[PDB]
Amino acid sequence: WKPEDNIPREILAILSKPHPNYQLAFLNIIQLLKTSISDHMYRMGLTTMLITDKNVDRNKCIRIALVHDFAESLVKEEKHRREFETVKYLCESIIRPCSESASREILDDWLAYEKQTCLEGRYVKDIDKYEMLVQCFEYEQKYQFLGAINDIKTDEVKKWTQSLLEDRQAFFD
């Protein structure tokens, strides 16, 4: 495989020339965030700000909730590896040139989500799930949840889902 087979032809052309415009190349690879996971990650980022837990840097939480689904855009056993190498490629062939801190921190936050070596990654995955719960509920509000209270880690988002389920039982009747 090759982690450029999905990078468009002309962005590849932009980066290959010596000392390219890595910023426009980024704002182009991102101006592709609409296929719409851009809204998804943005909404999750805004949601992270509501964590009561004192043991939280919600800034890293936003970082995680802004970069994690942003990997599966290009790209399982082969996946969460080759996704790792495409994140590697974006970090070291786009971000590392014109940004020192960002390449490192971005990769390690992507891992912090894709291995959950941090409480923030756990919160962000909890949110990727609980927002979808909200969406299923607000959908059937015009007319499936699957044990998802078990499928939540943290106690805080567990309580969020508990409130959501109370509202479910209110609605149906």
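When you see a residue number, it is the position in the sequence shown, counting from 1.
Coordinates are lacking for 4 to 9 deposited residues between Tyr143 and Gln144. Where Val75 is followed by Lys76 in the displayed chain, the model omits 10 or more of the deposited residues that sit between the two. Of the two stretches examined, 51 to 59 and 23 to 31, the record assigns the greater average C-alpha temperature factor to 51 to 59. Averaged over CA atoms, B-factors in the entry run higher in 158 to 166 than in the other of 14 to 22 and 158 to 166. Looking at the C-alpha B-factors along this chain, the one for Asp109 belongs to the lowest third. Among the modelled residues of the chain, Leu46 sits in the lowest third by CA temperature factor in this PDB entry. Remark: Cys118 belongs to the highest third of its chain, ranked by C-alpha B-factor as recorded.
Annotation for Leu133: CA B-factor lies in the middle third of the chain's modelled residues. The PDB entry assigns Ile127 a C-alpha temperature factor belonging to the lowest third of its chain's modelled residues.
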